[PDB]
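Everything on this sheet refers to the single structure shown next.
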Amino acid sequence: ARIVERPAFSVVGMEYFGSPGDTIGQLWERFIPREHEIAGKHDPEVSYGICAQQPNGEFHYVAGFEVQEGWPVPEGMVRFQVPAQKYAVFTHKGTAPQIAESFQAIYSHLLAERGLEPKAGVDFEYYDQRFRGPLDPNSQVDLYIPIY
Amino acid sequence: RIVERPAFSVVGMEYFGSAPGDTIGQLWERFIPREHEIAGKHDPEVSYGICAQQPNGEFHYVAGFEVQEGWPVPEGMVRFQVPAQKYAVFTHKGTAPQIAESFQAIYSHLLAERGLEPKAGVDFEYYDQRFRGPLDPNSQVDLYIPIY
Ligand SMILES: Nc1cc2nc3ccccc3nc2cc1O
Ligand SMILES: Nc1cc2nc3ccccc3nc2cc1O
């Protein structure tokens with residue numbers, strides 16, 4: 122795992138709430155045809171799966187792009203602020219639905235085995251050109267885990 | 123909810139992230155018609171989704187039943203030893219695939235918010251009669267998280 126610090130950054134995209143009928147996979151499927159609408163992209167080759175939490179504890183997910191500030195947020199989309207954090211970066215090898223299994227393995231075992239101490243914040247999936255499709259077993263996705 | 127349990131034995135079928143295209147959902151689908159084969163069940167109304175770690179580090183999963191010792195393990199099934207542990211028990215409300223989202227929320231935020239420290243071990247999903255089916259949003263499943 123790689124240790125990285127990043128300043129705060131802005132993400133624009135479409136969101137999913139853990140509390142009816144929707145899924146993260148359905149979120150990405152409806153977002154894909156609309157990704158080109160987002161102006162101000164830092165890097166259109168990179169997308170994010172933001173795993174955040176509402177104050178009430180509800181799981182909150184945003185599929186989006188890092189953007190320079192000051193450009194529009196399209197209809198049906200939202201801006202999300204990722205705060206400045208320090209991260210342990212784990213490379214997940216497998217499908218997009220298997221990301222959930224990697225999160226469980228990381229939090230339940232891999233952090234402690236590496237001596238990395240998690241710090242509650244905003245986690246994210248980092249999709250670059252190593253991501254070949256949601257069901258490709260050879261896809262890679264980096265998982266940024268906030269740490270002390 | 124804080125629960126201590128002694129060690130117990132679980133018999134059932136395994137999921138490895140290595141079989142391309144296989145999923146935990148398909149594991150349960152192929153396990154369903156064979157559940158009746160397992161002798162020595164503690165309670166056939168309860169099933170377990172064991173989230174464990176292989177020696178090499180991957181996520182490993184067992185769908186199974188708690189059994190008294192000394193009965194056979196059917197062909198294509200395994201015995202899995204759950205060690206004696208202390209657990210924080212969180213009730214997941216939603217579909218079975220959404221369990222993954224609850225695990226991420228619990229480990230990333232909810233444990234720290236409750237003052238609980240995770241203790242790397244064996245996690246499990248606890249399915250009782252509150253579980254209506256894998257894609258029913260009205261289902262409930264208890265998540266047992268090992269802690270100090
Ligand atoms: N029945 C299912 C249980 C699942 N549990 C998970 C636990 C951690 C990470 C991902 C998980 N995915 C599951 C999918 C299921 O259909
Ligand atoms: N592309 C996907 C990412 C997912 N990330 C998750 C992170 C934590 C818990 C469950 C998750 N499920 C995902 C499903 C996806 O299709």
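Chains as they are written, first to last, in PDB author numbering: chain A, 122 to 140, 142 to 270; chain B, 123 to 270.
Beta carbons are placed, not taken as given, at the ideal position from N, Cα and C, and that holds for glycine.
Whole-angstrom distance between residue j and residue i, CA atom to CA atom
i, j, result
"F202 of chain A", "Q175 of chain A", "12 Å"
"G237 of chain B", "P268 of chain B", "13 Å"
"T145 of chain B", "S131 of chain A", "34 Å"
"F181 of chain A", "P259 of chain B", "15 Å"
"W150 of chain A", "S169 of chain A", "11 Å"
"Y183 of chain A", "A122 of chain A", "23 Å"
"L233 of chain A", "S224 of chain A", "12 Å"
"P205 of chain B", "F253 of chain A", "37 Å"
"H158 of chain A", "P166 of chain A", "9 Å"
"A222 of chain B", "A222 of chain A", "5 Å"
"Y266 of chain A", "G255 of chain A", "19 Å"
"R127 of chain A", "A242 of chain B", "28 Å"
"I154 of chain A", "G198 of chain A", "13 Å"
"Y137 of chain A", "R156 of chain A", "16 Å"
"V125 of chain A", "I160 of chain B", "48 Å"
"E235 of chain B", "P177 of chain A", "11 Å"
"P240 of chain A", "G171 of chain B", "25 Å"
"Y270 of chain B", "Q148 of chain A", "37 Å"
"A129 of chain B", "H164 of chain B", "13 Å"
"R152 of chain A", "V200 of chain A", "14 Å"
"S140 of chain A", "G162 of chain A", "31 Å"
"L257 of chain B", "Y249 of chain A", "27 Å"
"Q251 of chain B", "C173 of chain A", "30 Å"
Neighbour-count burial assignment, residue i, 16 or more Cβ in a 10 Å radius
i, result
"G179 of chain B", "exposed"
"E247 of chain A", "buried"
"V263 of chain B", "buried"
"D245 of chain B", "buried"
"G143 of chain A", "exposed"
"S261 of chain A", "buried"
Identified DSSP bridge partners for residue i
i, result
"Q207 of chain A", "A:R127"
"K163 of chain B", "B:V189"
"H214 of chain B", "B:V263"
"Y170 of chain B", "B:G186 and B:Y248"
"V200 of chain B", "B:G134"
"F181 of chain A", "A:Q175"
"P240 of chain B", "B:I269"
Touching or not, the stretch 216-223 of chain B and the stretch 184-197 of chain B, by the rule of three or more beta carbon pairs under 8 Å? Cβ pair count under 8 Å is below three, so no.
Per the contact definition of three or more C-beta pairs closer than 8 Å, is the stretch 132-139 of chain B in contact with the stretch 191-208 of chain B? Yes, they touch.
For the structure I just gave you, are there three or more beta carbon pairs, one from the stretch 202-213 of chain A and one from the stretch 221-236 of chain A, closer than 8 Å? Touching, yes.
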